[PDB]
>>> print(open('input_14.csv').read())   # CSV, N, CA and C atoms
chain,number,residue,atom,x,y,z
A,529,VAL,N,-28.6,18.3,-118.2
A,529,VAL,CA,-28.2,16.9,-118.1
A,529,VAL,C,-29.1,16.1,-119.0
A,530,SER,N,-28.5,15.3,-119.8
A,530,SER,CA,-29.3,14.5,-120.8
A,530,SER,C,-28.7,13.1,-120.9
A,531,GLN,N,-29.6,12.1,-121.1
A,531,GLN,CA,-29.1,10.8,-121.2
A,531,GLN,C,-30.0,9.9,-122.0
A,532,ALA,N,-29.4,9.3,-123.0
A,532,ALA,CA,-30.1,8.3,-123.9
A,532,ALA,C,-29.6,6.9,-123.6
A,533,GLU,N,-30.5,5.9,-123.8
A,533,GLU,CA,-30.1,4.5,-123.7
A,533,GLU,C,-30.6,3.8,-124.9
A,534,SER,N,-30.1,2.6,-125.1
A,534,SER,CA,-30.7,1.7,-126.2
A,534,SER,C,-30.3,0.3,-125.7
A,535,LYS,N,-31.3,-0.5,-125.5
A,535,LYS,CA,-31.0,-1.9,-124.9
A,535,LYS,C,-31.9,-2.9,-125.5
A,536,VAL,N,-31.5,-4.1,-125.4
A,536,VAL,CA,-32.5,-5.2,-125.6
A,536,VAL,C,-33.5,-5.2,-124.4
A,537,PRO,N,-34.8,-5.2,-124.6
A,537,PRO,CA,-35.8,-4.8,-123.6
A,537,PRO,C,-35.9,-5.8,-122.4
A,538,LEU,N,-35.4,-7.0,-122.6
A,538,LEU,CA,-35.4,-8.0,-121.5
A,538,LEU,C,-34.1,-8.0,-120.7
A,539,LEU,N,-33.0,-7.8,-121.3
A,539,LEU,CA,-31.7,-8.1,-120.7
A,539,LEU,C,-31.0,-6.9,-120.1
A,540,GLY,N,-31.3,-5.6,-120.6
A,540,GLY,CA,-30.7,-4.5,-120.0
A,540,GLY,C,-31.2,-4.2,-118.6
A,541,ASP,N,-32.3,-4.7,-118.2
A,541,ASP,CA,-33.0,-4.3,-117.0
A,541,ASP,C,-32.3,-5.0,-115.8
A,542,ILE,N,-31.6,-6.1,-116.0
A,542,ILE,CA,-31.1,-6.9,-114.9
A,542,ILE,C,-29.9,-6.2,-114.3
A,543,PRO,N,-29.9,-5.8,-113.0
A,543,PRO,CA,-28.8,-5.0,-112.5
A,543,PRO,C,-27.6,-5.8,-112.1
A,544,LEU,N,-27.2,-6.8,-112.9
A,544,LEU,CA,-26.0,-7.5,-112.7
A,544,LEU,C,-25.3,-7.6,-114.1
A,545,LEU,N,-26.0,-7.8,-115.2
A,545,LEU,CA,-25.5,-7.8,-116.5
A,545,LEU,C,-26.1,-6.7,-117.4
A,546,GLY,N,-26.7,-5.7,-116.8
A,546,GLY,CA,-27.4,-4.7,-117.6
A,546,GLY,C,-26.4,-3.8,-118.3
A,547,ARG,N,-25.2,-3.7,-117.8
A,547,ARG,CA,-24.1,-3.0,-118.6
A,547,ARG,C,-23.8,-3.7,-119.8
A,548,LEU,N,-23.8,-5.0,-119.8
A,548,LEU,CA,-23.4,-5.8,-121.0
A,548,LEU,C,-24.3,-5.8,-122.1
A,549,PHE,N,-25.4,-5.1,-122.1
A,549,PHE,CA,-26.3,-5.1,-123.2
A,549,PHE,C,-26.7,-3.7,-123.7
A,550,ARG,N,-26.8,-2.8,-122.7
A,550,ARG,CA,-27.3,-1.4,-123.1
A,550,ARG,C,-26.3,-0.6,-123.8
A,551,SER,N,-26.7,0.6,-124.2
A,551,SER,CA,-25.8,1.6,-124.8
A,551,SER,C,-26.2,2.9,-124.3
A,552,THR,N,-25.4,3.6,-123.5
A,552,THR,CA,-25.8,4.8,-122.9
A,552,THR,C,-25.0,6.0,-123.4
A,553,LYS,N,-25.5,7.2,-123.3
A,553,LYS,CA,-24.9,8.4,-123.7
A,553,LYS,C,-25.4,9.5,-122.8
A,554,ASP,N,-24.5,10.0,-121.9
A,554,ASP,CA,-24.8,11.0,-121.0
A,554,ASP,C,-24.2,12.3,-121.4
A,555,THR,N,-24.7,13.5,-121.0
A,555,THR,CA,-24.3,14.8,-121.4
A,555,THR,C,-24.7,15.8,-120.4
A,556,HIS,N,-23.7,16.3,-119.6
A,556,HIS,CA,-23.9,17.3,-118.6
A,556,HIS,C,-23.3,18.6,-119.1
A,557,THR,N,-23.9,19.7,-118.8
A,557,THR,CA,-23.5,21.0,-119.4
A,557,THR,C,-23.8,22.2,-118.5
A,558,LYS,N,-22.8,23.0,-118.2
A,558,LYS,CA,-23.1,24.2,-117.4
A,558,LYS,C,-22.5,25.4,-118.1
A,559,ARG,N,-23.2,26.5,-118.1
A,559,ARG,CA,-22.7,27.8,-118.6
A,559,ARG,C,-23.1,28.9,-117.5
A,560,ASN,N,-22.1,29.4,-116.8
A,560,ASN,CA,-22.3,30.4,-115.9
A,560,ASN,C,-21.8,31.7,-116.5
A,561,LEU,N,-22.5,32.8,-116.3
A,561,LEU,CA,-22.3,34.1,-116.9
A,561,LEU,C,-22.7,35.2,-116.1
A,562,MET,N,-21.8,36.1,-115.8
A,562,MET,CA,-22.1,37.4,-115.2
A,562,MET,C,-21.5,38.6,-116.0
A,563,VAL,N,-22.3,39.7,-115.9
A,563,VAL,CA,-21.8,40.9,-116.6
A,563,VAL,C,-21.9,42.0,-115.5
A,564,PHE,N,-20.8,42.4,-115.0
A,564,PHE,CA,-20.6,43.5,-114.0
A,564,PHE,C,-20.2,44.8,-114.6
A,565,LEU,N,-20.4,45.8,-113.8
A,565,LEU,CA,-20.2,47.2,-114.2
A,565,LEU,C,-19.5,48.0,-113.1
A,566,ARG,N,-18.7,48.9,-113.5
A,566,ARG,CA,-18.0,49.7,-112.5
A,566,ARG,C,-17.9,51.2,-113.0
A,567,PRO,N,-18.6,52.1,-112.5
A,567,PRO,CA,-18.4,53.5,-112.9
A,567,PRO,C,-17.6,54.2,-111.9
A,568,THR,N,-16.7,55.1,-112.4
A,568,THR,CA,-15.9,56.1,-111.6
A,568,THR,C,-16.1,57.5,-112.1
A,569,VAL,N,-16.6,58.4,-111.3
A,569,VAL,CA,-16.8,59.8,-111.7
A,569,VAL,C,-15.5,60.5,-111.4
A,570,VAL,N,-15.0,61.2,-112.4
A,570,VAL,CA,-13.9,62.1,-112.3
A,570,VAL,C,-14.3,63.5,-112.8
A,571,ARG,N,-14.1,64.5,-112.0
A,571,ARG,CA,-14.4,65.9,-112.4
A,571,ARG,C,-13.3,66.8,-112.3
A,572,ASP,N,-12.3,66.5,-111.5
A,572,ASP,CA,-11.0,67.3,-111.5
A,572,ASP,C,-9.9,66.4,-112.2
A,573,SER,N,-8.9,67.1,-112.6
A,573,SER,CA,-7.8,66.4,-113.3
A,573,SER,C,-7.0,65.6,-112.4
A,574,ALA,N,-7.1,65.8,-111.1
A,574,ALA,CA,-6.2,65.1,-110.1
A,574,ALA,C,-6.6,63.6,-110.1
A,575,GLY,N,-7.9,63.3,-110.0
A,575,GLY,CA,-8.4,61.9,-110.0
A,575,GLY,C,-8.1,61.2,-111.4
A,576,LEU,N,-8.2,62.0,-112.5
A,576,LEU,CA,-7.9,61.5,-113.8
A,576,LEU,C,-6.4,61.1,-113.9
B,577,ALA,N,-49.1,33.1,-104.8
B,577,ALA,CA,-48.0,32.3,-104.1
B,577,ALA,C,-48.5,30.9,-103.9
B,578,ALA,N,-49.8,30.7,-103.7
B,578,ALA,CA,-50.3,29.3,-103.5
B,578,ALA,C,-50.2,28.5,-104.8
B,579,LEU,N,-50.6,29.1,-105.9
B,579,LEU,CA,-50.5,28.5,-107.2
B,579,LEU,C,-49.0,28.2,-107.5
B,580,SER,N,-48.1,29.1,-107.2
B,580,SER,CA,-46.7,28.9,-107.5
B,580,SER,C,-46.1,27.8,-106.7
B,581,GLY,N,-46.5,27.7,-105.4
B,581,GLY,CA,-46.1,26.7,-104.5
B,581,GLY,C,-46.6,25.3,-105.0
B,582,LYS,N,-47.8,25.2,-105.4
B,582,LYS,CA,-48.3,23.9,-105.9
B,582,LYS,C,-47.6,23.5,-107.2
B,583,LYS,N,-47.4,24.4,-108.1
B,583,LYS,CA,-46.8,24.0,-109.4
B,583,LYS,C,-45.3,23.7,-109.1
B,584,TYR,N,-44.7,24.4,-108.2
B,584,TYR,CA,-43.3,24.2,-107.9
B,584,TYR,C,-43.1,22.8,-107.2
B,585,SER,N,-44.0,22.5,-106.3
B,585,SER,CA,-43.9,21.1,-105.7
B,585,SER,C,-44.2,20.1,-106.8
B,586,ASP,N,-45.1,20.4,-107.7
B,586,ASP,CA,-45.5,19.4,-108.7
B,586,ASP,C,-44.4,19.2,-109.8
B,587,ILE,N,-43.5,20.2,-109.9
B,587,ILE,CA,-42.3,20.0,-110.7
B,587,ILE,C,-41.2,19.4,-109.9
B,588,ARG,N,-41.1,19.6,-108.6
B,588,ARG,CA,-40.1,19.0,-107.8
B,588,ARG,C,-40.4,17.5,-107.6
B,589,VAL,N,-41.6,17.1,-107.7
B,589,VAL,CA,-41.9,15.6,-107.6
B,589,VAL,C,-41.5,15.0,-108.9
B,590,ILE,N,-41.5,15.7,-110.1
B,590,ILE,CA,-41.0,15.2,-111.3
B,590,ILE,C,-39.5,15.1,-111.3
B,591,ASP,N,-38.9,16.1,-110.6
B,591,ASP,CA,-37.5,15.9,-110.3
B,591,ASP,C,-37.2,14.7,-109.3
B,592,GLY,N,-38.2,14.4,-108.5
B,592,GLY,CA,-38.1,13.3,-107.5
B,592,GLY,C,-38.5,12.0,-108.1
B,593,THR,N,-38.5,11.8,-109.4
B,593,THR,CA,-38.8,10.5,-110.0
B,593,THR,C,-37.5,10.1,-110.8
B,604,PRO,N,-26.3,10.0,-114.7
B,604,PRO,CA,-27.5,9.6,-114.0
B,604,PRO,C,-28.5,10.7,-113.9
B,605,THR,N,-29.5,10.6,-113.0
B,605,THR,CA,-30.6,11.5,-112.8
B,605,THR,C,-30.7,11.9,-111.4
B,606,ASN,N,-29.6,12.3,-110.8
B,606,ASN,CA,-29.4,12.6,-109.4
B,606,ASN,C,-30.2,13.7,-108.9
B,607,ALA,N,-30.2,14.0,-107.6
B,607,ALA,CA,-31.1,14.8,-106.9
B,607,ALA,C,-31.0,16.3,-107.3
B,608,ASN,N,-32.1,16.8,-107.7
B,608,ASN,CA,-32.1,18.2,-108.2
B,608,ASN,C,-32.3,19.2,-107.1
B,609,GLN,N,-32.4,20.5,-107.4
B,609,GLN,CA,-32.1,21.5,-106.4
B,609,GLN,C,-33.3,22.4,-106.3
B,610,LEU,N,-33.5,22.9,-105.0
B,610,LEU,CA,-34.4,24.0,-104.8
B,610,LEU,C,-33.8,25.3,-105.1
B,611,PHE,N,-34.5,26.4,-105.1
B,611,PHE,CA,-34.0,27.7,-105.2
B,611,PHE,C,-34.5,28.6,-104.1
B,612,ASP,N,-34.1,29.9,-104.1
B,612,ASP,CA,-34.5,30.8,-103.1
B,612,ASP,C,-35.9,31.2,-103.3
B,613,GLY,N,-36.8,30.3,-102.7
B,613,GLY,CA,-38.3,30.6,-102.8
B,613,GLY,C,-38.7,31.8,-102.0
>>> encode(input="input_14.csv", output="structure tokens")
Amino acid sequence: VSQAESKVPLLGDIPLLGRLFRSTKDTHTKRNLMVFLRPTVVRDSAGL
Amino acid sequence: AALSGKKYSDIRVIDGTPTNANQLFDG
């Protein structure tokens, strides 16, 4: 999660008009990854 | 374990300062 701002240093702080001056850029990012394995032993031709 | 707990709390408080509430793990 990342977030940059850029504002006029007096006017962006006011939490009534702070949207009207700043410039924000947010970036959320997820990567989930699993590597599973499954062995099956066959030694007679029936199971094959 | 004591060092790990102190450093983990000291990084949790940096999480404790959008930028919503971050998460514990299986300690």
>>> interface_residues(input="input_14.csv", of="chain A", to="chain B", cutoff="8 Å", atoms="only C-alpha atoms", output="VMD selection string")
chain A and resid 529 531 554
>>> atom_distance(input="input_14.csv", atom1="CA of residue 543 (chain A)", atom2="CA of residue 556 (chain A)")
23.6 Å
>>> select_by_dssp(input="input_14.csv", residues="chain B", states="helix (DSSP H, G or I)", output="ChimeraX atom specification")
/B:578-591
>>> atom_distance(input="input_14.csv", atom1="atom N of residue 538 (chain A)", atom2="atom C of residue 550 (chain A)")
11.2 Å
>>> atom_distance(input="input_14.csv", atom1="CA of residue 553 (chain A)", atom2="CA of residue 533 (chain A)")
6.5 Å
>>> decode(input="input_14.csv", residues="chain A", atoms="N, CA and C atoms", output="short mmCIF file (atom, residue, chain, number, x, y, z; two decimals), in the first residue's frame")
data_model
loop_
_atom_site.label_atom_id
_atom_site.label_comp_id
_atom_site.auth_asym_id
_atom_site.auth_seq_id
_atom_site.Cartn_x
_atom_site.Cartn_y
_atom_site.Cartn_z
N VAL A 529 0.86 -1.17 0.00
CA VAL A 529 0.00 0.00 0.00
C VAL A 529 0.90 1.23 0.00
N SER A 530 0.68 2.12 -0.95
CA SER A 530 1.53 3.27 -1.13
C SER A 530 0.64 4.47 -1.43
N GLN A 531 1.08 5.65 -1.01
CA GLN A 531 0.25 6.83 -1.19
C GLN A 531 1.09 8.10 -1.15
N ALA A 532 1.04 8.85 -2.23
CA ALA A 532 1.73 10.12 -2.33
C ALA A 532 0.73 11.25 -2.35
N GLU A 533 1.12 12.39 -1.80
CA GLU A 533 0.31 13.59 -1.85
C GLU A 533 1.15 14.74 -2.38
N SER A 534 0.45 15.81 -2.75
CA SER A 534 1.11 17.07 -3.09
C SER A 534 0.09 18.17 -2.88
N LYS A 535 0.37 19.08 -1.95
CA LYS A 535 -0.62 20.10 -1.60
C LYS A 535 0.06 21.43 -1.35
N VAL A 536 -0.74 22.48 -1.37
CA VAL A 536 -0.31 23.74 -0.77
C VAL A 536 -0.25 23.56 0.74
N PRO A 537 0.88 23.89 1.40
CA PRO A 537 1.10 23.45 2.79
C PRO A 537 0.18 24.07 3.83
N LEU A 538 -0.54 25.13 3.51
CA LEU A 538 -1.49 25.68 4.47
C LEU A 538 -2.90 25.17 4.26
N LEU A 539 -3.30 24.94 3.01
CA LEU A 539 -4.70 24.77 2.67
C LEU A 539 -5.14 23.32 2.57
N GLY A 540 -4.22 22.40 2.28
CA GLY A 540 -4.60 21.00 2.22
C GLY A 540 -4.92 20.39 3.57
N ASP A 541 -4.46 21.02 4.65
CA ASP A 541 -4.61 20.45 5.98
C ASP A 541 -6.03 20.56 6.51
N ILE A 542 -6.78 21.55 6.06
CA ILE A 542 -8.10 21.86 6.61
C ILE A 542 -9.09 20.77 6.19
N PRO A 543 -9.66 20.01 7.14
CA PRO A 543 -10.48 18.85 6.75
C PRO A 543 -11.91 19.21 6.40
N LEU A 544 -12.08 20.28 5.66
CA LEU A 544 -13.32 20.68 5.02
C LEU A 544 -13.11 21.04 3.56
N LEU A 545 -11.97 21.64 3.23
CA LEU A 545 -11.62 21.98 1.86
C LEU A 545 -10.29 21.35 1.45
N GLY A 546 -9.79 20.40 2.24
CA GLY A 546 -8.51 19.78 1.96
C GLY A 546 -8.49 18.95 0.70
N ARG A 547 -9.65 18.47 0.26
CA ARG A 547 -9.73 17.80 -1.02
C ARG A 547 -9.53 18.77 -2.17
N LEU A 548 -9.93 20.03 -1.99
CA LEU A 548 -9.90 21.00 -3.08
C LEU A 548 -8.52 21.58 -3.33
N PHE A 549 -7.50 21.11 -2.66
CA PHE A 549 -6.17 21.63 -2.94
C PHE A 549 -5.14 20.55 -3.19
N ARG A 550 -5.24 19.42 -2.50
CA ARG A 550 -4.20 18.40 -2.57
C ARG A 550 -4.29 17.62 -3.87
N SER A 551 -3.36 16.69 -4.03
CA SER A 551 -3.33 15.79 -5.17
C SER A 551 -2.79 14.47 -4.66
N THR A 552 -3.64 13.44 -4.63
CA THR A 552 -3.27 12.18 -4.02
C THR A 552 -3.19 11.08 -5.06
N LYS A 553 -2.40 10.07 -4.72
CA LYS A 553 -2.20 8.91 -5.58
C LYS A 553 -1.98 7.71 -4.68
N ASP A 554 -2.95 6.80 -4.66
CA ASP A 554 -2.89 5.61 -3.82
C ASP A 554 -2.68 4.39 -4.70
N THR A 555 -2.09 3.36 -4.12
CA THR A 555 -1.73 2.16 -4.87
C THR A 555 -1.71 0.99 -3.91
N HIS A 556 -2.68 0.10 -4.01
CA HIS A 556 -2.71 -1.11 -3.21
C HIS A 556 -2.43 -2.29 -4.12
N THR A 557 -1.77 -3.32 -3.59
CA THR A 557 -1.26 -4.39 -4.45
C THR A 557 -1.13 -5.68 -3.66
N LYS A 558 -1.74 -6.76 -4.14
CA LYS A 558 -1.59 -8.06 -3.52
C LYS A 558 -1.17 -9.09 -4.55
N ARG A 559 -0.30 -10.00 -4.16
CA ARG A 559 0.06 -11.16 -4.97
C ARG A 559 0.13 -12.35 -4.05
N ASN A 560 -0.83 -13.26 -4.17
CA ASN A 560 -0.83 -14.50 -3.43
C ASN A 560 -0.41 -15.62 -4.36
N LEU A 561 0.37 -16.55 -3.83
CA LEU A 561 0.99 -17.56 -4.67
C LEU A 561 1.24 -18.81 -3.86
N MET A 562 0.72 -19.94 -4.34
CA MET A 562 1.03 -21.22 -3.74
C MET A 562 1.49 -22.18 -4.82
N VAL A 563 2.40 -23.07 -4.44
CA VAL A 563 2.87 -24.14 -5.30
C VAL A 563 2.70 -25.43 -4.54
N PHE A 564 1.74 -26.25 -4.99
CA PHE A 564 1.37 -27.53 -4.41
C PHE A 564 1.92 -28.68 -5.23
N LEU A 565 1.93 -29.85 -4.62
CA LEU A 565 2.50 -31.02 -5.25
C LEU A 565 1.68 -32.24 -4.85
N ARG A 566 1.58 -33.18 -5.76
CA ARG A 566 0.82 -34.38 -5.51
C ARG A 566 1.51 -35.58 -6.14
N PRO A 567 2.10 -36.44 -5.37
CA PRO A 567 2.67 -37.66 -5.95
C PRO A 567 1.73 -38.83 -5.84
N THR A 568 1.71 -39.70 -6.85
CA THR A 568 0.98 -40.96 -6.79
C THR A 568 1.92 -42.07 -7.24
N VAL A 569 2.09 -43.07 -6.40
CA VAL A 569 2.96 -44.20 -6.69
C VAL A 569 2.15 -45.28 -7.38
N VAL A 570 2.58 -45.68 -8.57
CA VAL A 570 2.02 -46.83 -9.26
C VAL A 570 3.13 -47.83 -9.50
N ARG A 571 2.88 -49.08 -9.14
CA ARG A 571 3.83 -50.15 -9.38
C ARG A 571 3.23 -51.34 -10.10
N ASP A 572 1.92 -51.50 -10.11
CA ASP A 572 1.25 -52.45 -10.98
C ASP A 572 0.54 -51.70 -12.10
N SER A 573 0.30 -52.41 -13.20
CA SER A 573 -0.34 -51.78 -14.35
C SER A 573 -1.82 -51.50 -14.12
N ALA A 574 -2.42 -52.06 -13.08
CA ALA A 574 -3.84 -51.82 -12.81
C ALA A 574 -4.08 -50.38 -12.40
N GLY A 575 -3.27 -49.86 -11.48
CA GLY A 575 -3.43 -48.48 -11.07
C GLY A 575 -3.07 -47.50 -12.15
N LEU A 576 -2.11 -47.86 -13.00
CA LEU A 576 -1.77 -47.04 -14.15
C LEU A 576 -2.91 -46.99 -15.15
#
